[PDB]
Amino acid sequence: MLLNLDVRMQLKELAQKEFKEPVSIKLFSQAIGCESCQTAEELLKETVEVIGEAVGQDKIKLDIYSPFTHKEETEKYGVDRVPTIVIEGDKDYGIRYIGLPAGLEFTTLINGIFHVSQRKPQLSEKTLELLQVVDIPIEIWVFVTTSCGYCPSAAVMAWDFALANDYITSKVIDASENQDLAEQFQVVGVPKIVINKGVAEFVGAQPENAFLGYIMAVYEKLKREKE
């Protein structure tokens, strides 16, 4: 298929070995008049199908929404561009993927699914103790490419932070499919992390504590401004 046997084999293997709680995946796309635009649907369908036949079709569902036919569901999840993927559980953690999760970013999609399934972020207690003080909306953007070997670790880490805090939204953005944003935030080297559209910016997959530092720096500044 779109995913050769070799890949489908180790995926179900990881699924039964890593999957825990139910996962809900929603794709918002409008491929009208564009072929390639519907590759995201096929890739997602195949991955959820493989995971399902490994842990149970009742533990992971994929819903594809066209904003033309489902305008309300689109506004509910705050989608403003397509394709936008939502990975969630019983609740929405603000985890998003803007683009096609192919290539090495397939690793990103898979881990995100398992982390949401495990309902636990891969973050230390010390990080979580300080992170809990953040109570002002924080938006983390992680610009990636499907070929950069270092992007997955930064993308998943950003998802972990959003998974751990109700005020944090993390979006992994494929630069090639979002050139307007890539140019606006001067994305050259990747991964490039942008927080609250510019308050903080850094490049490279940083250590957990360094990442926390940039987040706190944004919260610290947003707090002051809040008089």
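Heads up: residue numbers just count along the shown sequence, starting at 1.
Higher average CA B factor: 68-76, of the stretches 101-109 and 68-76. Taking the mean C-alpha B-factor of each stretch as recorded, 40-48 and 173-181 are not equal, and the higher mean is that of 40-48. Among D160, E53, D166, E201, the highest C-alpha B-factor recorded in the PDB entry belongs to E53. Residue set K192, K197, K59, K26: peak C-alpha B-factor at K59 (per PDB entry). Per-chain ranking of the deposited C-alpha B factor places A205 in the middle third. Among all modelled residues in this chain, the alpha-carbon of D90 has a temperature factor (C-alpha) in the highest third. Annotation for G149: CA B-factor lies in the middle third of the chain's modelled residues. In this PDB entry, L14 carries a Cα temperature factor that places it within the highest third of its chain's modelled residues. Sort the chain's modelled residues by C-alpha temperature factor and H115 lands in the middle third, per the entry.
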